[PDB]
file work.cif (mmCIF, C-alpha atoms)
data_start
loop_
_atom_site.group_PDB
_atom_site.id
_atom_site.type_symbol
_atom_site.label_atom_id
_atom_site.label_comp_id
_atom_site.auth_asym_id
_atom_site.auth_seq_id
_atom_site.Cartn_x
_atom_site.Cartn_y
_atom_site.Cartn_z
ATOM 1 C CA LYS M 1356 0.000 0.000 0.000
ATOM 2 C CA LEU M 1357 1.625 3.231 -1.217
ATOM 3 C CA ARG M 1358 1.148 6.617 0.452
ATOM 4 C CA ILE M 1359 1.933 9.949 -1.182
ATOM 5 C CA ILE M 1360 1.522 13.099 0.897
ATOM 6 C CA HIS M 1361 1.910 16.793 0.255
ATOM 7 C CA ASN M 1362 2.979 18.390 3.534
ATOM 8 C CA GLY M 1363 5.984 20.560 4.060
ATOM 9 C CA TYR M 1364 9.037 20.020 6.208
ATOM 10 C CA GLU M 1365 8.013 22.055 9.261
ATOM 11 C CA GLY M 1366 8.871 25.588 8.293
ATOM 12 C CA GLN M 1367 8.292 27.488 5.068
ATOM 13 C CA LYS M 1368 7.803 24.356 2.955
ATOM 14 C CA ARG M 1369 4.654 23.483 4.922
ATOM 15 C CA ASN M 1370 3.259 26.955 4.572
ATOM 16 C CA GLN M 1371 3.821 27.053 0.807
ATOM 17 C CA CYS M 1372 2.443 23.524 0.697
ATOM 18 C CA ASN M 1373 -0.645 24.499 2.660
ATOM 19 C CA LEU M 1374 -1.197 27.417 0.249
ATOM 20 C CA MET M 1375 -1.030 24.908 -2.601
ATOM 21 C CA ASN M 1376 -3.618 22.708 -0.912
ATOM 22 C CA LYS M 1377 -5.916 25.523 0.265
ATOM 23 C CA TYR M 1378 -6.173 27.565 -2.887
ATOM 24 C CA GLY M 1379 -5.595 24.824 -5.474
ATOM 25 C CA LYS M 1380 -6.407 21.242 -6.490
ATOM 26 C CA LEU M 1381 -3.886 18.423 -7.230
ATOM 27 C CA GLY M 1382 -2.367 18.154 -10.690
ATOM 28 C CA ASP M 1383 -2.533 21.917 -10.946
ATOM 29 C CA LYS M 1384 0.714 23.447 -12.216
ATOM 30 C CA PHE M 1385 2.562 26.338 -10.528
ATOM 31 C CA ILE M 1386 5.713 28.247 -9.422
ATOM 32 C CA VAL M 1387 7.073 27.905 -5.855
ATOM 33 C CA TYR M 1388 10.106 29.658 -4.279
ATOM 34 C CA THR M 1389 13.158 27.948 -2.733
ATOM 35 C CA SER M 1390 14.930 30.733 -0.876
ATOM 36 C CA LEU M 1391 13.176 33.273 1.283
ATOM 37 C CA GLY M 1392 15.051 35.976 3.126
ATOM 38 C CA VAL M 1393 14.373 38.942 5.345
ATOM 39 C CA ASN M 1394 15.561 42.289 3.991
ATOM 40 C CA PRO M 1395 18.468 44.170 5.520
ATOM 41 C CA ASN M 1396 16.518 47.351 4.859
ATOM 42 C CA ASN M 1397 12.747 47.965 5.209
ATOM 43 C CA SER M 1398 12.306 45.195 7.818
ATOM 44 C CA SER M 1399 11.719 45.223 11.576
ATOM 45 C CA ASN M 1400 10.203 41.755 11.477
ATOM 46 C CA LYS M 1401 12.716 38.912 11.321
ATOM 47 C CA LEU M 1402 9.576 37.481 9.666
ATOM 48 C CA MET M 1403 8.813 36.685 6.068
ATOM 49 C CA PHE M 1404 6.000 36.064 3.617
ATOM 50 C CA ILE P 1647 -15.286 14.648 1.619
ATOM 51 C CA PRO P 1648 -15.437 17.873 -0.578
ATOM 52 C CA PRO P 1649 -14.393 21.349 0.675
ATOM 53 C CA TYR P 1650 -17.564 23.391 0.499
ATOM 54 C CA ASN P 1651 -20.911 22.590 -1.220
ATOM 55 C CA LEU P 1652 -23.537 22.149 -2.623
ATOM 56 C CA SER P 1653 -24.308 25.604 -1.401
ATOM 57 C CA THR P 1654 -22.904 28.116 1.040
ATOM 58 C CA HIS P 1655 -23.266 27.642 4.848
ATOM 59 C CA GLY P 1656 -26.689 29.206 5.432
ATOM 60 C CA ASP P 1657 -28.174 28.420 7.680
ATOM 61 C CA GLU P 1658 -25.744 25.835 9.117
ATOM 62 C CA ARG P 1659 -22.282 24.720 7.884
ATOM 63 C CA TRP P 1660 -22.139 21.280 9.552
ATOM 64 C CA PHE P 1661 -22.268 17.840 7.969
ATOM 65 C CA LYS P 1662 -23.181 14.528 9.561
ATOM 66 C CA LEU P 1663 -22.944 11.035 8.031
ATOM 67 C CA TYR P 1664 -25.153 8.054 8.966
ATOM 68 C CA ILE P 1665 -25.355 4.230 8.903
ATOM 69 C CA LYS P 1666 -28.484 2.177 8.119
ATOM 70 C CA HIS P 1667 -29.840 -1.392 7.583
ATOM 71 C CA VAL P 1668 -27.082 -3.063 9.585
ATOM 72 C CA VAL P 1669 -29.158 -4.361 12.488
ATOM 73 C CA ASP P 1670 -31.880 -1.750 12.085
ATOM 74 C CA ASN P 1671 -33.914 -0.302 9.207
ATOM 75 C CA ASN P 1672 -33.770 3.172 10.768
ATOM 76 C CA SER P 1673 -30.598 5.125 10.142
ATOM 77 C CA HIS P 1674 -28.023 5.605 12.917
ATOM 78 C CA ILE P 1675 -25.482 8.429 13.120
ATOM 79 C CA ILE P 1676 -21.882 7.335 12.861
ATOM 80 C CA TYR P 1677 -20.029 10.647 12.252
ATOM 81 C CA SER P 1678 -20.712 14.397 12.887
ATOM 82 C CA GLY P 1679 -18.344 17.254 11.923
ATOM 83 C CA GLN P 1680 -17.978 20.756 10.432
ATOM 84 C CA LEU P 1681 -17.506 21.103 6.657
ATOM 85 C CA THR P 1682 -14.153 22.789 5.860
ATOM 86 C CA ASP P 1683 -11.882 23.488 2.902
ATOM 87 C CA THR P 1684 -10.338 21.752 1.297
ATOM 88 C CA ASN P 1685 -10.370 18.031 1.971
ATOM 89 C CA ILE P 1686 -11.533 15.633 4.657
ATOM 90 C CA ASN P 1687 -10.391 12.001 4.786
ATOM 91 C CA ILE P 1688 -12.329 9.959 7.312
ATOM 92 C CA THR P 1689 -11.762 6.242 7.845
ATOM 93 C CA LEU P 1690 -14.534 4.195 9.470
ATOM 94 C CA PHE P 1691 -15.268 0.770 10.754
ATOM 95 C CA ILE P 1692 -18.682 -0.477 9.740
ATOM 96 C CA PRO P 1693 -20.236 -3.729 10.993
ATOM 97 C CA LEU P 1694 -22.370 -6.166 9.001
#

call {"tool": "encode", "arguments": {"input": "work.cif", "output": "structure tokens"}}
result
Amino acid sequence: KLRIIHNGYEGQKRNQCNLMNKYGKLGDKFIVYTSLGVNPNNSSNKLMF
Amino acid sequence: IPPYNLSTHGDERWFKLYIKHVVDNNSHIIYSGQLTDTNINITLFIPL
């Protein structure tokens, strides 16, 4: 019995992955982004979209 | 189980699924939960 799951490694991957699940169906085709960084300028957050 | 449908929530969002004809002709309630996007995978044991 084979099991294939779309959930992200806890962190950004899971968030991106949950966006994929929430706003889209499987087999749908789209762009995702590997590296996310906080800006040196314009940020107070240490947080990222 | 599908995300949201046939219609919108009004009046009530919730979905319940029943069992019937096993020992009794009348239906019996085996699961009750809120309907939510996007997918719900429920695995049940059903007796014969």

call {"tool": "resolve_selection", "arguments": {"input": "work.cif", "expression": "the PyMOL selection byres ((chain M) within 10 of (chain P))", "output": "ChimeraX atom specification"}}
result
/M:1376-1380

call {"tool": "atom_distance", "arguments": {"input": "work.cif", "atom1": "CA of residue 1370 (chain M)", "atom2": "CA of residue 1385 (chain M)"}}
result
15.1 Å

call {"tool": "atom_distance", "arguments": {"input": "work.cif", "atom1": "CA of residue 1662 (chain P)", "atom2": "CA of residue 1648 (chain P)"}}
result
13.2 Å

call {"tool": "axis_aligned_box", "arguments": {"input": "work.cif", "around": "region 1652-1662 of chain P", "padding_each_side": "3 Å", "output": "lines of an AutoDock Vina configuration file"}}
result
center_x = -25.2
center_y = 21.9
center_z = 3.5
size_x = 12.0
size_y = 20.7
size_z = 18.2

call {"tool": "atom_distance", "arguments": {"input": "work.cif", "atom1": "CA of residue 1674 (chain P)", "atom2": "CA of residue 1694 (chain P)"}}
result
13.6 Å

call {"tool": "resolve_selection", "arguments": {"input": "work.cif", "expression": "the PyMOL selection byres ((chain P and resi 1663-1670) around 12)", "output": "ChimeraX atom specification"}}
result
/P:1647,1660-1662,1671-1681,1688,1690-1694

call {"tool": "closest_residue", "arguments": {"input": "work.cif", "among": "M:1386, M:1359, M:1374, M:1381", "to": "residue 1404 (chain M)", "atoms": "all atoms listed in the file"}}
result
M:1374

call {"tool": "residues_around", "arguments": {"input": "work.cif", "residues": "residue 1389 (chain M)", "least_positions_apart": "6", "cutoff": "12 Å", "atoms": "only C-alpha atoms", "output": "JSON, numbers by chain"}}
result
{"M": [1367, 1368, 1371]}

call {"tool": "write_last_selection", "arguments": {"input": "work.cif", "atoms": "C-alpha atoms", "output": "PDB file, in the frame of the given file"}}
result
ATOM      1  CA  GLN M1367       8.292  27.488   5.068  1.00  0.00           C
ATOM      2  CA  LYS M1368       7.803  24.356   2.955  1.00  0.00           C
ATOM      3  CA  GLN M1371       3.821  27.053   0.807  1.00  0.00           C
TER       4      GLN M1371
END

call {"tool": "residues_around", "arguments": {"input": "work.cif", "residues": "residue 1402 (chain M)", "least_positions_apart": "6", "cutoff": "10 Å", "atoms": "all atoms listed in the file", "output": "PDB file with C-alpha atoms, in the coordinates of the input"}}
result
ATOM      1  CA  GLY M1392      15.051  35.976   3.126  1.00  0.00           C
ATOM      2  CA  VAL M1393      14.373  38.942   5.345  1.00  0.00           C
ATOM      3  CA  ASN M1394      15.561  42.289   3.991  1.00  0.00           C
TER       4      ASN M1394
END

call {"tool": "decode", "arguments": {"input": "work.cif", "residues": "chain M", "atoms": "C-alpha atoms", "output": "tab-separated table (two decimals), in the first residue's frame"}}
result
chain	number	residue	atom	x	y	z
M	1356	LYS	CA	0.00	0.00	0.00
M	1357	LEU	CA	1.63	3.23	-1.22
M	1358	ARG	CA	1.15	6.62	0.45
M	1359	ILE	CA	1.93	9.95	-1.18
M	1360	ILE	CA	1.52	13.10	0.90
M	1361	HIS	CA	1.91	16.79	0.25
M	1362	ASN	CA	2.98	18.39	3.53
M	1363	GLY	CA	5.98	20.56	4.06
M	1364	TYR	CA	9.04	20.02	6.21
M	1365	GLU	CA	8.01	22.05	9.26
M	1366	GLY	CA	8.87	25.59	8.29
M	1367	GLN	CA	8.29	27.49	5.07
M	1368	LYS	CA	7.80	24.36	2.96
M	1369	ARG	CA	4.65	23.48	4.92
M	1370	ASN	CA	3.26	26.96	4.57
M	1371	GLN	CA	3.82	27.05	0.81
M	1372	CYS	CA	2.44	23.52	0.70
M	1373	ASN	CA	-0.65	24.50	2.66
M	1374	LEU	CA	-1.20	27.42	0.25
M	1375	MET	CA	-1.03	24.91	-2.60
M	1376	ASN	CA	-3.62	22.71	-0.91
M	1377	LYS	CA	-5.92	25.52	0.26
M	1378	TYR	CA	-6.17	27.57	-2.89
M	1379	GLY	CA	-5.59	24.82	-5.47
M	1380	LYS	CA	-6.41	21.24	-6.49
M	1381	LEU	CA	-3.89	18.42	-7.23
M	1382	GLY	CA	-2.37	18.15	-10.69
M	1383	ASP	CA	-2.53	21.92	-10.95
M	1384	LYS	CA	0.71	23.45	-12.22
M	1385	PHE	CA	2.56	26.34	-10.53
M	1386	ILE	CA	5.71	28.25	-9.42
M	1387	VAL	CA	7.07	27.91	-5.86
M	1388	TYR	CA	10.11	29.66	-4.28
M	1389	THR	CA	13.16	27.95	-2.73
M	1390	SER	CA	14.93	30.73	-0.88
M	1391	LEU	CA	13.18	33.27	1.28
M	1392	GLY	CA	15.05	35.98	3.13
M	1393	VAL	CA	14.37	38.94	5.35
M	1394	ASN	CA	15.56	42.29	3.99
M	1395	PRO	CA	18.47	44.17	5.52
M	1396	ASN	CA	16.52	47.35	4.86
M	1397	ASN	CA	12.75	47.97	5.21
M	1398	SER	CA	12.31	45.20	7.82
M	1399	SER	CA	11.72	45.22	11.58
M	1400	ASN	CA	10.20	41.75	11.48
M	1401	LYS	CA	12.72	38.91	11.32
M	1402	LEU	CA	9.58	37.48	9.67
M	1403	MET	CA	8.81	36.68	6.07
M	1404	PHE	CA	6.00	36.06	3.62
